[PDB]
């Protein structure tokens, strides 16, 4: 009623997305992930929730690459965070960052019931100052295997400049929402809320930049709202 893109999906039909969720995603969704999702769906910002089919995709990536130490930028109620914590080994460690811990406390009971809260170091701050402080203290043997970026959309390019130094060589950086409900496909797009237009132009610039960035290999994956996987080359 205030933002324009919230009822749009990138697949050709709602029926196909429902088929995917019902056939493949929900039967593989942890019970605490199911709980966190269903309370979040009643929250006013439920449009920002990472969907269940994308969540299982993040879980698969974490396990295939044997991730141990991860960083999560943009937590909200914690669906992707809890997804990550359940995918990591028992000794896995996550640095979670979000300006608003009130959202996080919506999901924390489910994280606790899942028995994975011990893996999480939550920092209530803006992401950039923490990443900049991490650049001064980071030791080469302390680099992250994996980074999920899902915070302020207009700041992804700034996040990238830090994360290509905070993630190990061969580690992964994942940028959520890089297709922005399909609106990135046109130079001009009508009738968006000013912040949705800022994010749209930001993603158009980020997609072009990442495609030309020699520090990484990339794969833009038309899952959820678009996820761009980056792999650090040096």
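Residue numbers count along the first chain shown, from 1.
175-183 and 36-44 differ in mean CA B-factor, and the higher of the two is recorded for 36-44.
When the two stretches 156-164 and 114-122 are set side by side, the higher mean Cα temperature factor goes to 114-122.
Note on the listed residues 170, 27, 194, 55: the highest Cα temperature factor in the record is that of 27. Across the residues 151, 81, 108, 147, the deposited record lists the maximum Cα B factor for 108. Among the modelled residues of the chain, residue 227 sits in the lowest third by CA temperature factor in this PDB entry.
Sorting the modelled residues of the chain by their CA temperature factor places residue 68 in the highest third.
For residue 14, the recorded CA temperature factor ranks within the highest third of the chain's modelled residues.
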